[PDB]
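Report on the structure given below.
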There are 4 protein chains.
Amino acid sequence: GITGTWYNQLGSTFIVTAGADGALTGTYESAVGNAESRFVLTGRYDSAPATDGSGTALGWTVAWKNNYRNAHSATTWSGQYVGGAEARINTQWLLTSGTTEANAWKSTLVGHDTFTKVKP
Amino acid sequence: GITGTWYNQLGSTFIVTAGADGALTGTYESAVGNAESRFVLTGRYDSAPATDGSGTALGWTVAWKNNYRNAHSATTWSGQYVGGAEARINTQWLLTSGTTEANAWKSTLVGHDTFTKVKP
Amino acid sequence: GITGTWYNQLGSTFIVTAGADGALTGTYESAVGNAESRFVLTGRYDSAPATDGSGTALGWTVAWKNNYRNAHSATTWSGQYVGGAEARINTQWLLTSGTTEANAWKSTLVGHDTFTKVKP
Amino acid sequence: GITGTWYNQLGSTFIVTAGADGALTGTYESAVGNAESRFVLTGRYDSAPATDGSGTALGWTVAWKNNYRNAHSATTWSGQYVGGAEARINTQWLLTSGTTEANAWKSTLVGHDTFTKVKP
Ligand SMILES: [Cl-]
Ligand SMILES: [Cl-]
Ligand SMILES: [Cl-]
Ligand SMILES: [Cl-]
């Protein structure tokens, strides 16, 4: 249920393959339709989730370096997949930039993204 | 500078290899000296960081499933590596458990870890 | 624009007064229509926000103790008010429980709430 | 045990009064010894905590507006007080700036502070 394409509510999209034993691998495109905005992502998921209706825990990282861009930063998304009609991956994220020590206190942004199988 | 073993301040340790083009791969052991507490981790880092003194952005995920344990949960660490004498990886983390929809609001813990090359 | 009643998307509601010089005071009801679920809240807001279209920064705390309940915990909401038609207070929150030292690492939940002037 | 002066590990300090029924009121000084860096804070704490060794949950907000400064932003600290020799208030914080809608995704920084009764 995880393998495939997902869209957040703001114009990003990623493509992921969920390996049989817990690997996540794919590509994150921060601006739909812009190939210069595609970055590697890698992560993990629970490959034997509960069968009681609960979601499937997962996480992934994108370091914002590709051939076109280096933001000197990385985002991690932590969340759960919820299957069915209206499947979704509900996440909260942390975006850390490399900083000097004086600026470390402002290194890390927090937010949330809801991913769906259809565009907003 | 990232490749190798790191210890948080509370008794965990991980081992990571930083690939030339941004891959992080390794193992996270949640309780030092307990092999049943070793889990796969995967992530990304900025493989061309700034040279102005700033840290190197990175992130990784551990899904808490191995042959001995399934917590139906995953932690992502987001942070930066700071090299030199007293090298450290300073992070903030998100731990999401798979939940029912009614319990989703309590799915995700937040915290921080400081990793060093020597044990606390 | 802040003074008044707000509803999150999940069944809570609060009532706030925004004082002229930055005070927030009011009541948070975690379950709409249940008076046993009303708790004091107090906080602050920027009483001279930018006039360029940007939101108004604010935050508040509820300690989850009233005459009916003590969860030994407190939530802080940090966010911004955005006025107009479809006014909203967009927030992220931290819920810390009192814990033993051994359990401190799991003391704090994170999430988000969007408040509107009309019920979901 | 909460009433009094506390210092984070980076050069801030605040002064708080813990009211008998859960109020926190005081002043936060972001740069020790600089009176232009003093801002109102208000919050809540659990005024009947557990007696089993667990910490006392609390939170507070500072909106970063005073007579000298307006950063158009507010920080909330969520945490717990732990008494005894080496008393501490262990916190995680969210700092939200007022932003345009386009920039909302980058509105909120996250971090942590440990407060002690003695300066670092
Ligand atoms: Cl796999
Ligand atoms: Cl690589
Ligand atoms: Cl006021
Ligand atoms: Cl009081």
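Here is how names work: the chains are called A, B, and so on, in the same order as the sequence lines, proteins then strands, and each is numbered from 1. Side-chain atoms are counted along with the backbone in the values below, which use heavy atoms only and exclude waters and symmetry mates.
Listed here is the closest heavy atom pair of D:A63 and C:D46: CB-N, 4.1 Å. Residues D:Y68 and D:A35 approach most closely at CE1-O, 4.4 Å, considering heavy atoms. Minimum interatomic distance between D:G59 and D:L24 (heavy atoms only, all atoms of both residues): O-CD1, 3.6 Å. When every heavy atom of C:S78 is checked against every heavy atom of D:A74, the shortest pair comes out as OG-O, 4.0 Å. Taking every heavy atom of both residues into account, B:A57 and A:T96 meet most closely at CB-O, 3.6 Å.
Aromatic ring pairs are classed by plane angle as parallel below 30°, tilted from 30° to 60° and perpendicular above 60°; the pair B:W64 and B:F39 is perpendicular.
In this structure, A:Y45 contributes its side chain and A:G19 its backbone to a donor-acceptor pair below 3.5 Å. Of the possible polar contacts, none joining the C:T76 side chain to the C:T61 backbone as a donor-acceptor pair under 3.5 Å is found. Using a distance-only test at 3.5 Å, with no hydrogens or angles considered, a donor-acceptor pair links the side chain of B:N66 to the main chain of B:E36. With A:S97 contributing its side chain and A:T99 its backbone, the two residues share no donor-acceptor pair below 3.5 Å. For B:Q92 (side chain) and D:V110 (main-chain N/O), a donor-acceptor pair under 3.5 Å exists by modelled atom type. Although no hydrogens or angles enter the test, the distance criterion places a donor-acceptor pair under 3.5 Å between the side chain of D:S37 and the main chain of D:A31.
In this structure, C:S107 and D:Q80 have side chains that are in contact, with non-hydrogen atoms separated by less than 4.5 Å. Considering only heavy atoms from C-beta on, A:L109 comes within 4.5 Å of A:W93 through its side chain. At least one side-chain heavy atom of A:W77 sits under 4.5 Å from a side-chain heavy atom of A:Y28. Between D:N8 and A:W105, the closest side-chain pair of non-hydrogen atoms is not below 4.5 Å. In this structure, the side chains of C:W60 and C:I89 come closer than 4.5 Å at one or more pairs of heavy atoms.
The one candidate from A:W6, A:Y81, A:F14 that meets the ring pair (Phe, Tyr, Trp, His ring centres under 6.0 Å) condition with A:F115 is A:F14.
Within 6.0 Å of CG on A:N67 lie no more than 12 heavy atoms contributed by other residues, nucleotides or ligands. The environment of CD in B:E101 is sparse: at most 12 heavy-atom neighbours from other residues, nucleotides or ligands sit within 6.0 Å. The environment of NZ in B:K119 is sparse: at most 12 heavy-atom neighbours from other residues, nucleotides or ligands sit within 6.0 Å.
Within the structure, side-chain hydrogen bond (donor to acceptor under 3.5 Å, both in side chains) pairs that include any residue of residues 12-22 of chain B do not occur (at least two apart or interchain).
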